[PDB]
There are 4 protein chains.
Amino acid sequence: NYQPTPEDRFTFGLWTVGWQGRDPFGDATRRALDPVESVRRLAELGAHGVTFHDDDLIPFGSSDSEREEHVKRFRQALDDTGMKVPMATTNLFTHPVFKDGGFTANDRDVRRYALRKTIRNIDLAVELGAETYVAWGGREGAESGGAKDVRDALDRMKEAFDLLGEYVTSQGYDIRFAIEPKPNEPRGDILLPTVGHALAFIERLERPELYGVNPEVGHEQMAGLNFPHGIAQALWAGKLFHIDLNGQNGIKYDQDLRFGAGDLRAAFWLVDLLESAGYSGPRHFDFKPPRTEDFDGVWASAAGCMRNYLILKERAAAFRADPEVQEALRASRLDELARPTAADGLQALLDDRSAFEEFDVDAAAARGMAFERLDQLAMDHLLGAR
Amino acid sequence: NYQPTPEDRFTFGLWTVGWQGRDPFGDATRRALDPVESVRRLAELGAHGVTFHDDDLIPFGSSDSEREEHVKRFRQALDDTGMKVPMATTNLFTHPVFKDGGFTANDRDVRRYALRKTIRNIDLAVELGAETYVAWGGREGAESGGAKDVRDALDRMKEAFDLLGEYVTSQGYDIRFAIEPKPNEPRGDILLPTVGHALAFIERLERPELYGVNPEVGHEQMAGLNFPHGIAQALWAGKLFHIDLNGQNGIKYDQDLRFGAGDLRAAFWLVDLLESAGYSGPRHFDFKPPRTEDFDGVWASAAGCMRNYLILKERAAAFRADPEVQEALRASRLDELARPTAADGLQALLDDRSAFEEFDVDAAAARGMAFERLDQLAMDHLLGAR
Amino acid sequence: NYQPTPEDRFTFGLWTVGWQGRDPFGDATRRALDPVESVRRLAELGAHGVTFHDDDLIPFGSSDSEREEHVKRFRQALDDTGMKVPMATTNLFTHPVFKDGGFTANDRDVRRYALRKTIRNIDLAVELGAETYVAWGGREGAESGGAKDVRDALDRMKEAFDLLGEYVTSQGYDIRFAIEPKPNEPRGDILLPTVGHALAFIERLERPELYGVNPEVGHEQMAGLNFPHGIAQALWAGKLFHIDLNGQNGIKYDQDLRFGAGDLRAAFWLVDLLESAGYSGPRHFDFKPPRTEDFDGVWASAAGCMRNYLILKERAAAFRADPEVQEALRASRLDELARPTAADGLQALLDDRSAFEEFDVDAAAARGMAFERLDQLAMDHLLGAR
Amino acid sequence: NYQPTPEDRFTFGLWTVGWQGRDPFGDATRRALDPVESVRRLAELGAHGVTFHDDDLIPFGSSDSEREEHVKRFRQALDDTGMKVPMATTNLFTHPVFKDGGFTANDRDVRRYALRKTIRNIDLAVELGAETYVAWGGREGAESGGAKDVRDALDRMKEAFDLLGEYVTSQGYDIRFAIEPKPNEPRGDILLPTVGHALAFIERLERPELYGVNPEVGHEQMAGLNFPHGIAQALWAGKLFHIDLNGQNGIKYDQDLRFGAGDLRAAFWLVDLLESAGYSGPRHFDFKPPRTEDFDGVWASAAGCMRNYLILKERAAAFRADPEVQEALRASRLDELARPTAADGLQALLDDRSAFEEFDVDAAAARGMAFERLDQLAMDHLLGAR
Ligand SMILES: OC[C@H]1O[C@H](O)[C@H](O)[C@@H](O)[C@@H]1O
Ligand SMILES: OC[C@H]1O[C@H](O)[C@H](O)[C@@H](O)[C@@H]1O
Ligand SMILES: OC[C@H]1O[C@H](O)[C@H](O)[C@@H](O)[C@@H]1O
Ligand SMILES: OC[C@H]1O[C@H](O)[C@H](O)[C@@H](O)[C@@H]1O
Ligand SMILES: [Mg+2]
Ligand SMILES: [Mg+2]
Ligand SMILES: [Mg+2]
Ligand SMILES: [Mg+2]
Ligand SMILES: [Mg+2]
Ligand SMILES: [Mg+2]
Ligand SMILES: [Mg+2]
Ligand SMILES: [Mg+2]
Ligand SMILES: [Mg+2]
Ligand SMILES: [Mg+2]
Ligand SMILES: [Mg+2]
Ligand SMILES: [Mg+2]
């Protein structure tokens with residue numbers, strides 16, 4: 001009955017179950033968790049691994065000797081539990097120095113500091129075995145129009161990622177980068193606000209094959225966009241390196257609800273897509289147990305993330321295996337969508353009079369697409385009414 | 001006092017001033033305009049040129065002989081007035097045959113028909129002197145998740161644009177393509193919903209240099225995105241081939257208000273950016289005079305589009321020329337944003353102890369950015385209080 | 001297996017299954033349905049009744065003799081099928097005369113005409129047995145700020161509804177009015193945009209007991225509001241006279257998807273609320289079969305509306321009957337929410353030192369609310385994983 | 001040149017200029033301000049007065065003797081500067097005990113504590129001369145459907161406000177209450193989410209004349225609603241007791257930008273309305289200087305709030321005084337909107353054949369409303385191009 005195992009590759013950020021509940025209007029409602037206890041608790045729930053910002057693991061300002069002590073304790077908990085660390089990232093948003101951004105801060109000395117803080121953590125990530133290094137530029141942006149020349153900012157952003165790519169290739173590291181877009185919050189508008197803007201930007205980097213995207217369910221939904229469509233475009237481009245799963249109720253602040261909450265039907269189509277495209281990366285939950293909860297609610301919320309993925313996986317697999325659905329997909333011509341429009345080539349298309357001169361536009365127009373029957377079959381499967 | 005001339009390159013679609021006022025809840029409130037009278041009226045107002053869909057100019061279903069008569073009348077009005085036709089496009093959305101799309105319809109025969117209808121109009125556009133050919137895939141999309149495999153749809157979309165590019169290069173035509181994104185309406189979700197998704201898609205075409213974007217103010221704002229930021233990214237990529245100007249009040253149906261209505265401060269920053277980047281393409285208005293108006297209101301609304309652009313152009317130029325603003329831009333370190341982060345290279349950055357070991361993070365954090373004073377100077381200029 | 005019967009009180013507007021598929025960018029994809037055939041087809045599917053605008057039933061402009069012929073044919077189909085007509089409404093939005101509104105048009109003669117057209121249909125509605133008369137002011141609004149003084153418009157709106165109330169009471173009719181709010185579309189902003197604004201307005205009418213609300217799922221969601229919360233407020237006020245059920249994916253144009261599509265979890269909480277509050281009015285579907293569909297898709301979409309309501313009704317009833325859920329509701333103190341805060345009165349509260357001086361704020365703060373476990377039980381029930 | 005004086009009645013919350021810059025992703029960027037220094041600085045800028053939460057003035061947990069010391073220092077700064085305190089409010093959102101709300105917390109003992117904490121501050125407010133007591137129920141709400149029975153919550157909310165009203169009338173205090181709506185943040189959905197919902201709720205209180213609304217520009221815009229329309233409805237009801245002015249760019253997190261930023265044209269229509277309706281309450285700024293700013297930017301941002309109000313006031317007054325605008329208002333029949341539809345009464349309307357039988361619907365339909373010319377005159381005035 002929907003029990004996770006480490007083979008399902010579910011991972012969690014230390015900052016998710018460790019969120020103390022401080023929001024812009026209220027104090028923390030929970031005490032801080034020791035990273036070691038989070039690793040142990042998540043292993044008991046069936047998680048595969050954890051992820052971290054540098055500052056989640058090593059408190060800002062630590063001497064190099066305290067740094068080594070923090071890493072050693074952490075490594076011991078990984079060894080004790082079998083937990084992996086597939087992804088790491090840099091905190092370039094909490095400290096006041098980053099108030100105008102990290103890579104695109106107007107102050108050049110802050111931009112250099114941001115790069116040095118990142119490189120330091122790339123080394124640590126590689127040491128712990130991370131395969132993906134995520135960058136969320138949460139402070140790269142503006143509240144007003146004149147504060148940021150965006151063309152210069154994009155030059156500075158390209159400069160920073162190119163330097164990171166030069167660094168990992170010169171060190172011989174097997175790590176790739178994933179850019180995580182978000183349209184706004186905490187800045188009024190954030191640079192590279194959606195999956196598409198991030199994909200387009202990567203194509204202008206010096207070594208584009210090193211960079212992909214880490215889309216988050218709730219972030220694309222904060223722009224009212226269709227998250228499974230955006231994932232499909234990322235898979236089509238070959239760039240889905242990692243994914244952040246959670247829930248979001250529409251266009252408002254970033255709620256980071258547990259996965260399956262928010263838009264349930266979008267969650268169903270997302271799982272259907274990830275499973276049928278053979279996505280094999282981590283299923284990472286970037287979520288925040290609501291600040292109404294005590295510690296038992298934190299672990300129930302985390303367990304719910306995994307449970308909902310596994311239920312949706314079962315319902316999507318049943319949907320695609322149902323002969324009646326396979327019939328309906330052909331009735332709606334999904335098979336014809338997958339066939340080339342003009343494999344016969346341009347010249348044959350131009351001479352083909354059934355494509356224009358003799359095309360019966362009124363007969364083609366009358367054909368129904370039968371999409372509503374297909375979508376009700378999908379609803380019946382999601383709800384277990386089939 | 002803000003009088004346009006053809007040197008300002010203002011253009012209008014035939015379908016804008018010709019919109020009869022039919023909306024999803026109501027009949028037309030205005031009679032149809034003859035394209036010839038629209039060209040004459042727009043020339044009197046100071047417009048530079050007009051744009052058209054094939055079906056605006058040649059009623060759907062016309063015999064080749066009626067086609068020639070429509071083009072000849074149109075060409076005579078252009079000659080009589082001096083009006084240009086810089087852009088043309090295809091209607092792949094009104095006729096019922098296109099109800100599931102044109103290039104990405106599930107039915108293969110509709111996709112072939114869509115391509116033939118487009119190619120036919122590309123020839124006409126070239127004959128009339130158009131330099132840009134726009135594609136707005138308004139029906140490419142879905143209302144439900146199972147109706148459209150988006151990876152196959154993107155294959156079909158790439159297939160169609162690659163064929164169009166093969167066609168124009170084999171004919172030797174000097175015309176480029178611009179993809180116009182829109183996130184939704186009339187489909188529940190439209191493929192390539194934003195500037196960024198369109199930019200990313202173009203990089204996967206066989207001949208990317210032939211394709212750019214035609215962003216529309218209101219369309220990016222229907223996803224709550226910052227339109228001047230998205231334009232900056234398109235300019236940075238070298239892809240801003242054309243632009244649709246209008247107004248939109250936030251996230252709702254596509255209002256297509258006259259330019260300057262909707263988000264006035266975004267209009268100001270857009271004009272500032274287009275003028276300071278030296279955009280030299282048409283300033284095209286894709287707007288709809290509200291259906292409350294009679295024909296005198298149609299021409300007042302069209303005149304307002306141009307008037308508002310010219311007022312904003314004057315206020316943006318004054319803002320950038322004001323020595324106090326130039327001082328404030330330096331106070332906020334816009335100059336430093338334009339300087340490379342690490343022209344000294346990766347190795348120098350790694351050995352630079354002022355970038356990390358000796359960086360005074362608390363001193364840098366205390367520096368104010370002075371953005372609010374800059375933004376109030378921008379407000380004062382917009383309002384003519386300077 | 002989720003078969004409707006007329007006892008479930010499902011009703012449909014003639015304009016829903018009869019929508020021809022004309023949207024702002026495209027022609028009709030389906031021929032017009034005879035109202036008589038819609039009544040027969042809906043009776044076969046298990047519907048309880050139908051609703052109509054005057055202009056759905058009697059084509060605009062009909063002579064009084066054609067009017068009588070249309071009503072007689074309609075009445076015969078009702079008799080033949082047993083279908084009821086519980087609600088009727090007036091079309092004050094399609095004809096061009098209504099382009100600036102009906103009750104709040106700036107032109108006084110249009111406002112008088114709007115009232116006469118309404119009164120005429122109130123008589124017909126009463127004759128056919130309607131119990132509720134709906135008013136959707138779709139054209140009452142503005143695209144620009146100076147076009148409409150809203151205080152004067154609200155005076156005109158109060159004037160119109162007061163006259164309608166004087167009319168029904170002077171005729172001795174047993175009919176009540178329900179105002180249907182919508183925030184925008186087709187006007188840029190519509191007056192009384194949400195349930196709350198409509199409830200507040202009713203309290204200023206001369207005879208408030210005659211007026212309630214007819215909320216629509218998709219309309220409150222076009223403002224990003226929680227529809228079950230808004231229904232709860234309407235029930236709390238005693239004003240939920242009627243309801244329009246459908247589906248909507250977030251903040252965009254009014255999609256009018258079949259009920260159960262859009263926000264599925266909101267549909268679940270809505271059904272839970274209607275059923276547990278004992279709402280006994282019609283379950284009315286105001287939806288539009290997508291224009292991709294032929295006539296078989298129209299009836300499948302209509303059947304899906306009812307099927308989804310009945311599935312959700314079953315899952316909500318199971319949720320509330322589950323002893324584990326009843327336990328969890330007490331764990332989250334839903335029982336305590338239902339108990340008065342201070343039945344002991346103001347003076348006892350002021351003298352109660354356990355309410356302030358001796359209140360242990362830190363102990364109360366540490367208590368978890370256990371909401372995530374409750375919400376996962378609700379998810380499990382919705383998905384049939386319980 | 002747009003210099004404020006205390007006669008303009010501009011007020012500021014202590015928490016606005018005192019916001020330290022802590023957001024959900026970052027630490028404070030500014031040190032705390034002493035309330036005494038904020039009062040002095042705001043008096044120098046031309047403010048009329050300040051407002052406070054209990055916890056802004058008296059740190060949570062203070063002994064009664066420290067309480068008296070805080071009030072005395074504060075009162076001395078008011079005396080020294082001439083600053084007034086027209087409004088006060090209660091912090092029922094920051095402390096963890098309020099994580100599930102104050103008046104509608106599920107735990108009864110928290111609800112009693114919330115009431116006692118409020119009553120204590122009502123006494124203080126009266127002592128300092130406040131005329132309005134604001135309630136913003138920021139924690140009254142839910143993230144999930146089963147956590148909160150909204151009908152019971154509204155019972156608890158009515159219970160709390162009725163008790164407050166019994167308290168002020170039994171003490172003989174001349175103070176009125178204003179409810180401040182907000183649709184979401186920090187809860188997933190907040191009870192009474194808009195002006196309309198708050199107006200409707202007040203009509204069910206035992207003593208409705210004691211309660212009005214305190215709408216905030218940005219909060220109604222977070223639901224995509226037209227703020228000047230919502231203010232007009234509040235004025236029409238006689239309930240606009242207070243107003244929070246600021247700026248907001250569309251549907252996203254609550255930005256609290258300085259007034260005039262965000263939607264500039266909505267700011268213009270708001271000022272036009274407040275000034276022409278003779279609103280005489282405080283012009284209160286609930287805004288947050290962005291966390292990019294140092295203390296000089298804080299005071300520049302505060303000064304900008306007042307400057308923008310005064311510029312907009314001048315442009316709106318010029319607009320309404322312009323004879324050409326007065327002509328255009330008559331051309332668009334704003335005069336006719338203000339005249340009763342049917343002062344002749346119901347029976348005369350029914351016998352008036354020019355209202356229906358002989359009404360020339362096609363002639364009335366052809367009349368243009370001339371709204372676009374009016375709106376361009378309004379644009380010209382806003383921009384100082386007239
Ligand atoms: O970069 C990793 C994470 O960092 C921050 O916590 C962001 O809020 C989250 O969206 C992001 O995924
Ligand atoms: O493709 C050209 C135009 O066609 C349609 O009219 C669209 O509504 C508009 O957005 C687009 O720019
Ligand atoms: O007034 C009844 C109906 O009329 C119109 O069709 C509206 O679009 C719908 O929302 C409303 O319910
Ligand atoms: O209640 C007074 C104020 O308290 C809080 O600071 C809210 O964020 C603000 O919206 C409200 O006006
Ligand atoms: Mg997030
Ligand atoms: Mg996130
Ligand atoms: Mg994330
Ligand atoms: Mg548009
Ligand atoms: Mg458009
Ligand atoms: Mg366009
Ligand atoms: Mg609707
Ligand atoms: Mg509707
Ligand atoms: Mg409806
Ligand atoms: Mg706010
Ligand atoms: Mg606020
Ligand atoms: Mg406020």
Side-chain angles (χ1 to χ4, degrees), chain A residues 1-2 27 29-31 221 224-226 247 249-252 257-258 260-268 289-305 307-308 310-312 314-315 332 365-376 379-380 382-386, chain C residues 1-2 27 29-31 221 224-226 247 249-252 257-258 260-268 289-305 307-308 310-312 314-315 332 365-376 379-380 382-386:
Chain A
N1 192 264
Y2 310 120
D27 294 337
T29 60
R30 286 187 295 265
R31 63 160 183 91
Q221 291 176 352
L225 303 177
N226 181 311
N249 286 289
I251 305 174
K252 72 178 68 153
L257 304 171
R258 82 186 186 286
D263 189 335
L264 180 50
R265 287 256 277 171
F268 169 86
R291 70 187 283 278
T292 59
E293 302 308 292
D294 61 19
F295 277 122
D296 288 330
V298 165
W299 308 117
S301 203
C305 284
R307 174 175 184 86
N308 289 332
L310 294 172
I311 297 172
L312 295 172
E314 173 195 75
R315 303 305 163 81
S332 298
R367 294 176 198 139
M369 301 309 306
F371 290 151
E372 288 292 282
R373 179 167 183 267
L374 180 59
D375 191 61
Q376 189 60 41
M379 183 83 57
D380 286 355
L382 173 56
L383 292 177
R386 287 181 79 98
Chain C
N1 192 264
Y2 310 120
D27 294 337
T29 60
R30 286 187 295 265
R31 63 160 183 91
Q221 291 176 352
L225 303 177
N226 181 311
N249 286 289
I251 305 174
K252 72 178 68 153
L257 304 171
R258 82 186 186 286
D263 189 335
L264 180 50
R265 287 256 277 171
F268 169 86
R291 70 187 283 278
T292 59
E293 302 308 292
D294 61 19
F295 277 122
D296 288 330
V298 165
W299 308 117
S301 203
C305 284
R307 174 175 184 86
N308 289 332
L310 294 172
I311 297 172
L312 295 172
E314 173 195 75
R315 303 305 163 81
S332 298
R367 294 176 198 139
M369 301 309 306
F371 290 151
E372 288 292 282
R373 179 167 183 267
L374 180 59
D375 191 61
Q376 189 60 41
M379 183 83 57
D380 286 355
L382 173 56
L383 292 177
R386 287 181 79 98

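Here is the naming used below: chain letters follow the sequence lines, and residue numbers restart at 1 for every chain.
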Open item on the list: Counting heavy-atom pairs under 4.5 Å with chain A, which one of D263(C), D375(C), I251(C) comes out on top?
Closed with: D375(C)
Task: With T292(C) via side chain to side chain contact (heavy atoms under 4.5 Å, CB included) - residues at least two apart - done: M369(A), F371(A), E143(B), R187(B), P290(C)
TODO: Select one option (side chain, backbone, both, neither) describing which atoms of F295(C) are under 4.5 Å from chain A's heavy atoms.
DONE: neither
- [ ] Pick one of side chain, backbone, both or neither for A266(C), based on which atoms fall under 4.5 Å of a heavy atom in chain A.
- [x] neither
TODO: Flag the one option from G224(C), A366(C), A385(C) with the top tally of heavy-atom pairs under 4.5 Å to chain A.
DONE: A385(C)
TODO: Identify which of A300(A), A370(A), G304(A) forms the greatest number of heavy-atom pairs closer than 4.5 Å to chain C.
DONE: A370(A)
Task: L382(C) portion near chain A, given a 4.5 angstrom heavy-atom threshold - done: both
- [ ] Considering only heavy atoms and a distance below 4.5 Å, find which of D380(C), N1(C), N249(C) pairs most often with chain A.
- [x] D380(C)
Open item on the list: On a heavy-atom basis, which atom in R265(C) and which in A261(A) lie closest, and how many Å separate them?
Closed with: NH2-CB, 4.1 Å
Task: Closest non-hydrogen atom pair between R315(C) and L383(A), with its separation - done: NH1-O, 2.6 Å
- [ ] Find the one option among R258(A), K252(A), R307(A), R367(A) whose heavy-atom pairs under 4.5 Å with chain C are most numerous.
- [x] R258(A)
Task: Least distance between heavy atoms, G297(A) atom then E372(C) atom - done: O-CB, 4.2 Å
Open item on the list: A side-chain contact here means heavy atoms from C-beta on lying under 4.5 Å apart; do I311(C) and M379(A) qualify?
Closed with: no
TODO: Just grab all the salt bridge (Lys or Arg N to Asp or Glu O under 4.0 Å) pairs involving residues 289-304 of chain A, residues at least two apart or on different chains.
DONE: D23(A)-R291(A)
TODO: Starting at OG of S301(C), measure out to CZ of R373(A) and round the result to the nearest 0.5 Å.
DONE: 13.5 Å
TODO: Go through the atoms of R30(C) and report whether side chain, backbone, both or neither lie under 4.5 Å from a heavy atom of chain A.
DONE: neither
